[PDB]
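Participant: Dumping the structure here so I can ask a few things about it.
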Amino acid sequence: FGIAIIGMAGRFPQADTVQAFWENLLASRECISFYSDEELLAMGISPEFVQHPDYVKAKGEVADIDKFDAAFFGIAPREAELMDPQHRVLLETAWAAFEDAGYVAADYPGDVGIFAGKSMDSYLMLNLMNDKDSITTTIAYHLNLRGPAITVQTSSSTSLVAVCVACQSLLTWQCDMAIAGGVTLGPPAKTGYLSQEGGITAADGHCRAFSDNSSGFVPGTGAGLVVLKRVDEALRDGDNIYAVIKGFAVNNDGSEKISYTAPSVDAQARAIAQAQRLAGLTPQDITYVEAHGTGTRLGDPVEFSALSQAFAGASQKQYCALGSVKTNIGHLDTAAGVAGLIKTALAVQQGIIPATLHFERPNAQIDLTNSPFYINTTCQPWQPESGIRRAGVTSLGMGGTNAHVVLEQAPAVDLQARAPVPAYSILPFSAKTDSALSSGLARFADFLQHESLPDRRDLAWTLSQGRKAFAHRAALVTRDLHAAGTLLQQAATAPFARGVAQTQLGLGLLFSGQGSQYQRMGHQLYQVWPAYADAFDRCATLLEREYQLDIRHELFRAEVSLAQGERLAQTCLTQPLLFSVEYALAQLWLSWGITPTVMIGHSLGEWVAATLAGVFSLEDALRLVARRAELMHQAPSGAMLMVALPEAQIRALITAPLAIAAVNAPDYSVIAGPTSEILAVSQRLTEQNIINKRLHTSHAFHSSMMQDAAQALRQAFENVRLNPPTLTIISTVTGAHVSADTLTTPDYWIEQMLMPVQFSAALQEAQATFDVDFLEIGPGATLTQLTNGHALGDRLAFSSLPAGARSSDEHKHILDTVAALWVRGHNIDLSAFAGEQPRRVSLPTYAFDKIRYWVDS
Amino acid sequence: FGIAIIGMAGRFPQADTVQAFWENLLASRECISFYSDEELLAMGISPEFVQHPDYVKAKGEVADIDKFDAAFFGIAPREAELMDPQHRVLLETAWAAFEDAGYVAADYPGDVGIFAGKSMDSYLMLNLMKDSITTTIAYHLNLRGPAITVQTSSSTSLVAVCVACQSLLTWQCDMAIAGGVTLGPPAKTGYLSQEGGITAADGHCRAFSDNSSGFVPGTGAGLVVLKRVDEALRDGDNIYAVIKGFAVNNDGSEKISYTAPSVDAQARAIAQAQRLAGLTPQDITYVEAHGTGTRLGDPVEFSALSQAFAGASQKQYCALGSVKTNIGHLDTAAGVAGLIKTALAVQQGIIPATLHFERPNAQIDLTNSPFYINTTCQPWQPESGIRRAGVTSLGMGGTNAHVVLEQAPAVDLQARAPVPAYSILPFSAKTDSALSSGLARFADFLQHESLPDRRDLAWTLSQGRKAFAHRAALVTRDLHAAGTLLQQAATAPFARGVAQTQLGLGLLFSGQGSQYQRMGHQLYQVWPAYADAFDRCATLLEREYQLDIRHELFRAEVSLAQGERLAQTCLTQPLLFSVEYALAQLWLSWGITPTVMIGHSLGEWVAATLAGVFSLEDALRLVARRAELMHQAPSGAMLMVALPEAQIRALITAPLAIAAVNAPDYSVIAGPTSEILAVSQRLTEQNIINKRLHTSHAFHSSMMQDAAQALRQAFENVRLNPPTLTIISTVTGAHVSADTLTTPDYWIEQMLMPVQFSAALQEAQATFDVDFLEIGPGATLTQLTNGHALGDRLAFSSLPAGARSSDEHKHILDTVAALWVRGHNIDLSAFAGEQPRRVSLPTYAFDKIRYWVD
């Protein structure tokens with residue numbers, strides 16, 4: 001077993017992330033901010049501390065301690081000014097550490113604990129010129145953590161002891177996931193420290209751990225939290241395990257030392273040997289040790305003496321690296337043990353040991369050459385003779401508390417055996433405000449313009465399953481994560497889905513009809529989606545069993561040619577193949593988490609909207625669509641005509657009592673009848689000078705000449721059993737709603753082949769009684785263009801399938817529609833779109849708003 | 001299994017110990033102190049706050065928060081004055097809790113953790129008008145396990161117990177101590193109850209009642225000492241209760257606001273604790289609710305209790321109580337106060353009353369629920385045999401701790417072999433004030449009844465108390481007699497005195513004419529080391545002699561005939577050699593290191609035999625041969641003349657000779673009967689004190705050459721050896737060398753030359769300055785020895801002076817007691833009984849030194 005480190009965050013000196021931290025440690029950067037004398041004559045400090053010989057002007061400062069996004073957590077901007085900036089920075093650090101874990105901990109299945117610590121609440125100093133809250137319960141309140149919210153308060157091992165207490169809670173099953181760390185923060189964010197002679201703080205301004213030039217430490221400020229989980233749960237959940245805490249030990253010195261402010265060799269050696277015994281390991285197996293590494297005159301050889309005593313059982317020489325983050329960022333007081341554990345878990349995961357700064361020679365009392373240790377001066381790759389990068393993190397408090405954590409490597413997860421990544425992926429990005437979404441999209445732009453960048457099934461699944469969906473949201477469908485970075489860099493000029501999400505307790509489903517049918521209709525969605533394949537197989541199995549005409553052969557495997565693209569044009573396989581395609585798209589969207597409030601049809605989409613309402617079943621609908629298709633194939637040939645005029649004007653200028661074929665919009669109408677009475681008469685529109693397009697049709701649907709087509713099948717309707725509707729259809733051949741007897745009567749479908757469709761009158765009615773978006777189900781963008789030409793106020797229509805000639809873009813168009821619908825606010829289950837066996841990765845976290853929440857000094 | 005609560009301590013309102021708090025709960029006393037205007041103004045609360053009308057003069061008060069025994073902990077007066085009083089009170093409480101556990105935490109086998117909490121530092125406002133608490137305690141108590149300052153809000157103490165149980169169950173420590181503390185500068189303060197506050201406007205926590213108006217803010221300290229239950233049964237600790245299960249969680253945001261509580265979270269904690277406890281809600285017959293008595297808190301706590309207890313089909317089987325009715329809201333110690341009450345209730349079998357409860361709350365319906373609230377203190381006999389309980393503590397930030405708290409498993413009380421007839425009761429303190437008041441506390445303790453087993457009180461006072469400088473010890477056989485003895489400690493007749501180091505101890509092996517019948521008979525049957533040494537001596541003497549040593553002492557009847565029949569010379573020298581060898585092998589079995597070791601005419605043989613010059617077997621082959629030859633020498637006498645030896649030289653003739661120069665006022669003259677009778681008749685008209693020595697053979701006289709002549713035929717080339725231990729010989733009067741003790745004619749000239757015991761004592765006194773311990777059946781070499789120039793040094797007898805022959809077990813234990821009091825390294829754990837167990841006794845009585853910055 002062991003406790004996996006599945007997520008980490010923190011603000012550090014000259015860093016804001018545990019990746020800017022790691023980029024500073026791989027750069028061997030000194031993150032100590034050296035101030036000028038002129039700077040501190042702005043920040044309320046006395047004019048005598050400046051121009052003093054005992055005063056150093058250095059600290060490791062975190063960046064923005066006054067800034068807080070209170071509106072993210074619901075904190076009013078008057079409770080926020082009465083918060084410790086440690087509370088605020090650890091709120092944002094805990095949200096970031098859970099996002100780095102790939103989780104929202106408010107709705108994690110199991111039980112989630114916070115175990116953190118805090119330095120001196122020196123914000124209370126000016127809050128006075130009387131009390132305050134507990135940090136760990138502010139985190140557990142504002143993030144809905146329902147496990148133990150225990151503040152631990154040892155001195156400078158607070159964060160590693162917090163991690164150890166968290167690991168005990170995980171291993172006694174007090175919680176199922178835990179977040180542990182600490183924070184050192186304070187109003188004098190720009191200050192020196194008066195390094196006194198014989199004092200424990202460095203007069204150099206530089207923490208030189210284990211060096212002969214060691215003057216002390218330099219005080220750093222910082223936050224940091226690690227998200228912890230047991231290793232079998234973290235392995236079965238596919239988490240990003242940085243390192244596995246295999247063993248831990250806390251003890252105290254306890255007056256077996258000279259004074260109270262003394263360190264004890266035997267106590268620290270007890271901690272190191274106890275942690276390595278619980279880790280199931282030996283001192284031979286540890287190849288990096290993050291020491292507490294304070295740089296002090298007196299505690300530097302005590303820690304090395306304890307390390308040598310604990311590692312004395314291994315008779316190998318200089319095999320284990322020894323480091324200290326305090327050379328880079330400074331003594332992080334309380335947060336020192338989580339800065340070291342964050343660095344060491346990063347080093348165990350990555351496999352590179354960063355440099356330990358300011359080292360040329362050992363201490364006088366510390367010999368490295370006969371010891372098992374060396375100190376890296378430059379960044380160093382970490383490949384051990386063992387094969388496993390076991391490590392050790394030591395933190396030591398001023399009152400004698402000694403924590404030691406052993407970090408073995410994460411186990412080998414076997415991902416080349418995984419099934420391949422799907423061809424496209426929605427990348428969903430959501431934020432509580434628009435500024436946070438712009439900055440978060442910038443963060444992933446910077447993240448995705450790196451050469452090291454995750455899987456598209458590992459990403460997108462962390463972006464959906466591991467972030468909470470907020471209102472201001474955006475999405476991208478991509479097949480390449482580099483192009484995703486290129487699109488995100490373009491600064492709100494790119495054509496991805498974007499906009500604030502409303503509730504949308506409803507989506508309308510415009511089941512289209514005969515119009516834009518094509519060659520590879522639904523072939524891409526057949527292979528990738530099992531729901532689409534199972535529904536279209538449900539259609540095709542019945543159709544192959546009953547009728548001689550072949551389905552899954554015309555659409556899929558037959559060649560791309562006019563000889564097949566006009567073999568699909570004839571009515572006997574235009575109707576049932578389009579029914580099967582619209583039915584299978586419908587079952588696909590219903591498997592994606594779509595509730596059709598209103599379903600309308602267009603001369604065939606009623607037949608399939610009917611069987612999503614289940615007024616008569618799928619097999620009976622396939623029979624009564626195929627008989628319907630065949631029985632109008634031997635009807636005499638007719639033509640239609642797109643007369644773009646209002647239907648009152650068309651019926652006021654009608655040549656003879658034929659029937660209108662379609663009433664689609666008040667700039668759009670279809671007239672049909674006998675073929676000669678359509679074309680030979682359509683030359684009077686040339687005298688009108690109004691364009692009259694054609695529908696490329698060899699038959700006259702919805703005209704007054706296919707009465708006999710329905711007269712034969714009038715008997716065929718009355719032997720099958722019909723049902724009342726379940727979902728709210730509105731009928732397009734009445735222009736109004738659907739009652740119980742509206743669909744059940746078989747003569748309604750008989751007159752449905754004769755009467756014009758009032759698609760406009762079923763569209764203004766639909767937007768009146770349902771302020772909804774209109775996802776079009778069908779072969780192309782037929783009904784979507786007419787619906788977006790309609791008078792929809794702040795409402796759009798979307799198409800499931802591309803416009804026919806782009807028949808290879810099905811898997812991109814339907815996923816782009818899913819992206820625009822999810823952005824719009826619909827309840828699309830975006831976890832269906834990710835991959836086969838997905839894993840969580842470390843992505844950029846929420847880009848909180850820097851809002852000044854400071855009182856006065 | 002679970003985590004045993006093996007000891008506890010605390011200062012509570014109107015209590016200074018856990019026992020003074022349990023008496024308050026069994027007496028159903030409201031421990032809230034109500035002030036006046038003059039008292040609260042004299043403390044210094046500003047008159048605007050007191051002439052506020054909505055201001056309540058009530059508080060639970062610990063008494064002595066300015067008083068610290070710094071010098072017990074090695075703390076300077078300034079370093080103590082700059083401590084938080086919560087640090088100071090919780091140090092004394094931690095020392096007291098380990099004492100109540102029966103341990104010194106510095107000297108425990110495994111490693112020991114502190115997990116405690118603390119309120120806000122209100123004394124830092126006195127400091128301004130760091131030093132974390134667990135590491136301060138871990139320093140001054142030498143704790144070498146995790147020192148973690150657990151800090152939730154009002155759940156702290158119980159959460160700290162939960163974290164301690166985590167550390168114990170995962171084997172991070174072997175025994176832990178956990179609890180917390182609220183107290184601070186405004187010892188006398190009121191709290192300004194407002195409109196709809198969480199604080200009671202009348203000054204009483206009437207928890208779970210109609211008349212509820214909040215809590216009253218108390219102050220207190222408390223720590224329980226925790227240990228895994230298999231170890232705690234193994235080590236004989238007294239277990240109050242076992243912690244079978246525990247649970248901490250938080251509300252989350254699943255409530256109206258941050259100050260709101262939540263039924264679902266507290267029910268989750270209660271059911272999780274009872275699930276990890278391996279129990280069901282039917283088994284839990286007491287519940288210590290959090291019970292603050294506030295308007296939004298009682299119905300939520302009861303709704304959570306009902307929801308977690310909802311699986312039980314019985315009605316009003318479980319008692320429900322809070323301690324805040326008695327003591328108030330202790331705000332950080334709340335939770336260890338309830339756990340202390342509940343662990344006491346679980347161990348004793350008595351549920352204390354909940355105060356001020358007449359009618360249930362309007363939102364609380366007791367009658368259909370599983371809970372009744374006790375108005376009077378009742379016993380606790382569940383329908384099962386075993387008393388399970390539950391302790392709930394709730395923080396102000398959402399944290400909910402619940403602890404399920406089972407009865408300790410029953411030991412077999414009659415199965416132990418019985419208590420030894422006498423016990424040493426060792427008391428020790430760093431100060432004479434602390435030892436005086438700690439003797440007073442055991443006087444009031446032993447003036448109870450149903451007292452602990454005296455083996456167990458002795459065992460806890462020896463192993464379980466640190467041996468300090470100012471000491472006292474009592475050898476008793478009734479604990480009530482011991483309490484009446486300790487009540488008169490000014491006129492005290494027991495061992496008492498400040499202990500110097502006493503690296504050295506002298507061993508005055510006794511003479512020959514100072515024995516009594518049935519000597520060693522107590523120690524033979526009580527002690528195994530005496531029986532082993534005496535049995536090897538006696539099996540040698542019965543292996544080749546007509547005598548039988550075990551018959552003449554332990555079997556044959558007490559009579560005046562045998563009272564001199566063991567006192568002939570033939571069966572007195574080996575008899576006394578065996579008694580003194582067994583007595584010395586008993587004393588060295590008790591941690592005695594002999595530094596010097598000097599004979600008196602026969603004890604020099606056993607001085608050599610303990611040194612290593614002789615094997616025991618070869619020495620006792622020939623001690624009785626020397627006895628045979630002295631009894632074969634015909635006749636003699638000894639008269640004691642109380643005159644210096646140079647003045648003895650005036651009136652001593654050629655045949656009679658000096659035998660023993662024991663003191664400058666004590667001289668023994670040996671010779672024929674009729675001649676010393678004439679010399680005594682010459683001493684008749686001198687009016688000088690003179691008696692006979694009741695023996696018929698004149699040793700170290702002129703009749704001993706024929707008796708010493710056969711010993712030269714003896715010694716049979718025995719495997720002799722130069723000495724190990726420093727013998728100062730009584731024939732030379734000074735130290736003895738490697739060859740000057742081991743020549744076979746040295747014992748011949750020891751049989752003849754006068755004993756220079758007053759010179760051997762004075763040389764030992766000069767060169768070593770040690771307390772002396774007589775080994776032998778009387779005090780004859782004791783008043784001689786401390787009638788000398790002993791500079792603050794005493795001699796001690798290991799056996800009583802003859803007529804007190806039944807008092808051997810009392811006398812030798814009183815000598816052990818006086819030796820331990822003076823400072824000698826007696827181990828007092830060979831004197832406790834067979835299978836001794838730790839018990840709860842009064843703890844250290846820290847003297848009240850007032851340290852205060854303001």
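Ligands are numbered from 1 in the order shown, chains are lettered A, B, ... in the order of the structure tokens, and residues start at 1 in each chain.
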Write out as a VMD selection string which residues come within 9 Å of residue 124 of chain A when counting only C-alpha atoms, dropping same-chain ones fewer than 6 positions away.
Facilitator: chain A and resid 82 to 84 130 to 132
Participant: Within 9 Å of residue 222 of chain B, counting only C-alpha atoms, which residues show up once you throw out same-chain ones fewer than 3 positions away? Write them as a ChimeraX atom specification, please.
Facilitator: /B:8-12,18,90,93-94,97,157,178-181,333-334,336-337,340
Participant: Kindly export the residues of the current selection with C-alpha atoms, as an mmCIF file, in the first residue's frame.
Facilitator:
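Wrote it out as again_6.cif, contents follow:
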data_model
loop_
_atom_site.group_PDB
_atom_site.id
_atom_site.type_symbol
_atom_site.label_atom_id
_atom_site.label_comp_id
_atom_site.auth_asym_id
_atom_site.auth_seq_id
_atom_site.Cartn_x
_atom_site.Cartn_y
_atom_site.Cartn_z
ATOM 1 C CA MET B 8 -6.589 11.345 33.317
ATOM 2 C CA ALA B 9 -6.152 14.701 34.981
ATOM 3 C CA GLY B 10 -7.691 18.075 34.839
ATOM 4 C CA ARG B 11 -8.468 21.312 36.549
ATOM 5 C CA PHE B 12 -12.146 22.020 36.073
ATOM 6 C CA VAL B 18 -10.521 14.753 38.244
ATOM 7 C CA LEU B 90 -1.509 21.989 31.115
ATOM 8 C CA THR B 93 -2.089 18.604 34.277
ATOM 9 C CA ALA B 94 0.122 16.474 32.012
ATOM 10 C CA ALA B 97 -2.241 12.694 34.131
ATOM 11 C CA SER B 157 -9.993 18.064 23.059
ATOM 12 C CA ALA B 178 -4.508 14.028 24.745
ATOM 13 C CA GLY B 179 -6.816 16.813 25.775
ATOM 14 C CA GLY B 180 -6.810 20.574 25.897
ATOM 15 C CA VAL B 181 -7.271 23.744 27.865
ATOM 16 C CA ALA B 333 -11.363 21.577 27.096
ATOM 17 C CA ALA B 334 -15.059 20.879 26.316
ATOM 18 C CA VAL B 336 -12.092 16.118 27.236
ATOM 19 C CA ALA B 337 -14.297 17.287 30.127
ATOM 20 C CA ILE B 340 -13.444 12.453 31.402
#
Participant: For a quick check of understanding, using only C-alpha atoms, which of A:119, A:252, A:587, A:376 has the smallest distance to chain B?
Facilitator: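 Ranked by minimum distance to chain B, first place goes to A:252.
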Participant: Among segment 462-639 of chain A, which ones does DSSP place in strand (DSSP E or B), written as JSON, numbers by chain?
Facilitator: {"A": [472, 473, 474, 475, 476, 477, 478, 497, 498, 499, 500, 507, 508, 509, 510, 511, 596, 597, 598, 599, 600]}
Participant: Give the residues of chain A that lie within 8 Å of chain B; count only C-alpha atoms, and format the answer as an NGL selection string.
Facilitator: :A and (113 or 133-134 or 137-138 or 140-155 or 161 or 165 or 168-169 or 172 or 174 or 249-256 or 260 or 267 or 399-401)
Participant: Which residue, B:384, B:277, B:576, B:217, has the smallest gap to residue 317 of chain B when you use only C-alpha atoms?
Facilitator: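 Counting only C-alpha atoms, the residue closest to residue 317 of chain B is B:384.
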Participant: Identify, on the basis of only C-alpha atoms, every residue whose closest approach to residue 787 of chain A does not exceed 12 Å; exclude the query and any residue fewer than 3 positions from it along the same chain; express the result as a compact mmCIF listing (two decimals) with N, CA and C atoms, in the first residue's frame.
Facilitator:
# COMPACT_ATOMS: atom_id res chain seq x y z
N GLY A 508 -35.43 21.55 -28.04
CA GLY A 508 -36.33 21.07 -29.06
C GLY A 508 -35.62 20.26 -30.12
N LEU A 509 -36.30 19.24 -30.63
CA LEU A 509 -35.71 18.33 -31.61
C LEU A 509 -36.47 18.41 -32.93
N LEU A 510 -35.89 19.11 -33.89
CA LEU A 510 -36.46 19.25 -35.23
C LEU A 510 -36.05 18.06 -36.06
N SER A 512 -35.90 16.33 -39.19
CA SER A 512 -36.04 16.86 -40.54
C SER A 512 -36.67 15.81 -41.46
N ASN A 664 -42.75 26.59 -44.85
CA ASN A 664 -41.58 26.51 -43.98
C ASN A 664 -41.25 27.82 -43.28
N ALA A 665 -41.39 28.95 -43.95
CA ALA A 665 -41.08 30.24 -43.35
C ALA A 665 -41.92 31.29 -44.06
N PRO A 666 -42.02 32.50 -43.50
CA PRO A 666 -42.59 33.59 -44.31
C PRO A 666 -41.57 34.29 -45.21
N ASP A 667 -40.66 33.50 -45.80
CA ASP A 667 -39.97 33.86 -47.03
C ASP A 667 -39.69 32.61 -47.87
N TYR A 668 -40.48 31.54 -47.71
CA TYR A 668 -40.09 30.22 -48.19
C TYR A 668 -41.33 29.34 -48.25
N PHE A 759 -44.54 24.07 -41.10
CA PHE A 759 -43.32 24.05 -40.29
C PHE A 759 -43.07 25.40 -39.65
N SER A 760 -43.39 26.49 -40.35
CA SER A 760 -43.40 27.81 -39.72
C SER A 760 -44.43 27.86 -38.60
N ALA A 761 -45.68 27.48 -38.90
CA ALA A 761 -46.72 27.53 -37.88
C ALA A 761 -46.51 26.51 -36.76
N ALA A 762 -45.70 25.48 -36.97
CA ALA A 762 -45.21 24.64 -35.89
C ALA A 762 -43.86 25.11 -35.35
N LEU A 763 -43.35 26.25 -35.81
CA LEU A 763 -42.12 26.80 -35.27
C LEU A 763 -42.30 28.07 -34.45
N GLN A 764 -43.10 29.04 -34.93
CA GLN A 764 -43.50 30.12 -34.03
C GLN A 764 -44.33 29.62 -32.85
N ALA A 766 -43.88 26.63 -31.50
CA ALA A 766 -42.89 25.94 -30.66
C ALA A 766 -42.04 26.92 -29.87
N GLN A 767 -41.63 28.03 -30.47
CA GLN A 767 -40.88 29.02 -29.70
C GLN A 767 -41.76 29.84 -28.78
N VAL A 772 -36.79 27.45 -26.26
CA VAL A 772 -35.81 26.37 -26.28
C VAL A 772 -34.88 26.55 -27.47
N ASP A 773 -33.74 25.86 -27.41
CA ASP A 773 -32.90 25.66 -28.57
C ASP A 773 -33.41 24.48 -29.38
N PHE A 774 -33.08 24.46 -30.66
CA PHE A 774 -33.67 23.51 -31.59
C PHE A 774 -32.58 22.67 -32.24
N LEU A 775 -32.23 21.56 -31.61
CA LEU A 775 -31.28 20.65 -32.23
C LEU A 775 -31.96 19.92 -33.37
N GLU A 776 -31.44 20.09 -34.58
CA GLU A 776 -32.01 19.41 -35.73
C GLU A 776 -31.43 18.01 -35.85
N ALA A 781 -28.14 20.30 -42.87
CA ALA A 781 -28.50 21.54 -42.20
C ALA A 781 -29.75 22.15 -42.81
N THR A 782 -30.74 21.30 -43.11
CA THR A 782 -31.94 21.74 -43.81
C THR A 782 -32.80 22.63 -42.91
N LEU A 783 -33.27 22.08 -41.80
CA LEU A 783 -34.17 22.80 -40.92
C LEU A 783 -33.45 23.84 -40.07
N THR A 784 -32.14 23.68 -39.88
CA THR A 784 -31.35 24.61 -39.07
C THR A 784 -31.27 25.99 -39.70
N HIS A 790 -35.67 32.24 -38.79
CA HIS A 790 -36.91 32.59 -38.12
C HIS A 790 -36.67 33.69 -37.09
N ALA A 791 -37.74 34.09 -36.41
CA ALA A 791 -37.68 35.17 -35.43
C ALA A 791 -37.43 34.64 -34.02
N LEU A 792 -36.37 33.85 -33.87
CA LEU A 792 -35.95 33.38 -32.55
C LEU A 792 -35.17 34.48 -31.87
N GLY A 793 -35.66 34.93 -30.71
CA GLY A 793 -34.91 35.93 -29.92
C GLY A 793 -33.90 35.25 -29.02
N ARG A 795 -31.95 32.77 -29.24
CA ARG A 795 -32.08 31.28 -29.21
C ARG A 795 -31.57 30.76 -30.56
N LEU A 796 -30.85 29.63 -30.58
CA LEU A 796 -30.29 29.18 -31.85
C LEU A 796 -30.76 27.77 -32.15
N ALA A 797 -30.41 27.31 -33.34
CA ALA A 797 -30.69 25.96 -33.78
C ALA A 797 -29.39 25.32 -34.23
N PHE A 798 -29.28 24.01 -34.03
CA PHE A 798 -28.04 23.30 -34.27
C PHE A 798 -28.36 22.03 -35.03
N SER A 799 -27.40 21.56 -35.83
CA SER A 799 -27.60 20.41 -36.69
C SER A 799 -26.72 19.25 -36.23
Participant: I need the residues of segment 324-393 of chain B that end up classed as alpha helix (DSSP H) by DSSP on the backbone, written out as number ranges by chain.
Facilitator: B: 336-348
Participant: Selected residues, N, CA, C and O atoms, written as a compact mmCIF listing (two decimals), in the first residue's frame, please.
Facilitator:
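Result saved to part_7.txt:
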# COMPACT_ATOMS: atom_id res chain seq x y z
N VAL B 336 -12.81 16.98 26.32
CA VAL B 336 -12.09 16.12 27.24
C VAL B 336 -12.77 16.17 28.60
O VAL B 336 -12.71 15.21 29.34
N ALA B 337 -13.47 17.27 28.92
CA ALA B 337 -14.30 17.29 30.13
C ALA B 337 -15.44 16.29 30.03
O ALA B 337 -15.69 15.52 30.97
N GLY B 338 -16.13 16.26 28.89
CA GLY B 338 -17.15 15.26 28.65
C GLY B 338 -16.62 13.86 28.54
O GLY B 338 -17.26 12.92 29.02
N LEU B 339 -15.45 13.67 27.93
CA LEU B 339 -14.85 12.34 27.86
C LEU B 339 -14.36 11.87 29.21
O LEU B 339 -14.43 10.68 29.51
N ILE B 340 -13.87 12.78 30.05
CA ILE B 340 -13.44 12.45 31.40
C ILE B 340 -14.64 12.05 32.25
O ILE B 340 -14.61 11.02 32.93
N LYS B 341 -15.73 12.84 32.19
CA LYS B 341 -16.99 12.48 32.84
C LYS B 341 -17.51 11.14 32.38
O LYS B 341 -17.92 10.30 33.18
N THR B 342 -17.45 10.89 31.08
CA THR B 342 -18.02 9.69 30.51
C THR B 342 -17.16 8.47 30.79
O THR B 342 -17.69 7.39 31.01
N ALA B 343 -15.83 8.63 30.82
CA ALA B 343 -14.94 7.53 31.14
C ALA B 343 -15.02 7.17 32.60
O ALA B 343 -14.99 5.98 32.95
N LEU B 344 -15.16 8.17 33.47
CA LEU B 344 -15.44 7.93 34.87
C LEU B 344 -16.77 7.22 35.06
O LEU B 344 -16.86 6.27 35.82
N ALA B 345 -17.81 7.67 34.34
CA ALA B 345 -19.12 7.04 34.42
C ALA B 345 -19.10 5.61 33.93
O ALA B 345 -19.77 4.74 34.49
N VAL B 346 -18.33 5.35 32.87
CA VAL B 346 -18.20 4.00 32.33
C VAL B 346 -17.48 3.09 33.31
O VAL B 346 -17.89 1.95 33.54
N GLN B 347 -16.40 3.59 33.92
CA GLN B 347 -15.61 2.77 34.85
C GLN B 347 -16.36 2.52 36.15
O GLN B 347 -16.41 1.39 36.65
N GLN B 348 -16.95 3.57 36.73
CA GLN B 348 -17.62 3.47 38.01
C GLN B 348 -18.91 2.67 37.90
O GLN B 348 -19.18 1.78 38.71
Participant: Using only C-alpha atoms, determine which residues lie at most 7 Å from segment 567-573 of chain A, disregarding the query and same-chain residues fewer than 3 positions distant; provide the list as an MDAnalysis selection string.
Facilitator: chainID A and resid 563:564 576:577 629:630 633
Participant: Figure out the distance between atom CA of residue 66 of chain A and atom CA of residue 12 of chain A, please, to one decimal in Å.
Facilitator: 15.1 Å
Participant: Would you mind reading off the distance between atom CA of residue 471 of chain B and atom CA of residue 429 of chain B, one decimal, in Å?
Facilitator: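 Between atom CA of residue 471 of chain B and atom CA of residue 429 of chain B the gap works out to 6.4 Å.
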Participant: Using only C-alpha atoms, determine which residues lie at most 9 Å from residue 316 of chain B, disregarding the query and same-chain residues fewer than 6 positions distant; provide the list as a compact mmCIF listing (two decimals) with N, CA, C and O atoms, in the first residue's frame.
Facilitator:
# COMPACT_ATOMS: atom_id res chain seq x y z
N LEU B 366 -38.37 13.64 23.79
CA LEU B 366 -37.64 12.55 24.44
C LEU B 366 -38.40 11.24 24.43
O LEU B 366 -37.77 10.18 24.40
N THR B 367 -39.73 11.28 24.48
CA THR B 367 -40.49 10.09 24.87
C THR B 367 -40.52 9.03 23.77
O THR B 367 -40.54 7.83 24.06
N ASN B 368 -40.51 9.46 22.51
CA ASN B 368 -40.45 8.54 21.38
C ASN B 368 -39.03 8.24 20.96
O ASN B 368 -38.78 7.23 20.30
N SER B 369 -38.10 9.11 21.35
CA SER B 369 -36.70 8.99 21.05
C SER B 369 -36.07 7.92 21.93
O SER B 369 -36.69 7.45 22.88
N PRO B 370 -34.85 7.48 21.62
CA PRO B 370 -34.14 6.59 22.54
C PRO B 370 -33.56 7.25 23.79
O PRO B 370 -32.96 6.54 24.60
N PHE B 371 -33.72 8.54 24.02
CA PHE B 371 -32.97 9.24 25.05
C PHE B 371 -33.85 9.77 26.16
O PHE B 371 -34.87 10.41 25.90
N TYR B 372 -33.45 9.51 27.40
CA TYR B 372 -33.90 10.25 28.57
C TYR B 372 -32.74 11.08 29.10
O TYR B 372 -31.57 10.76 28.90
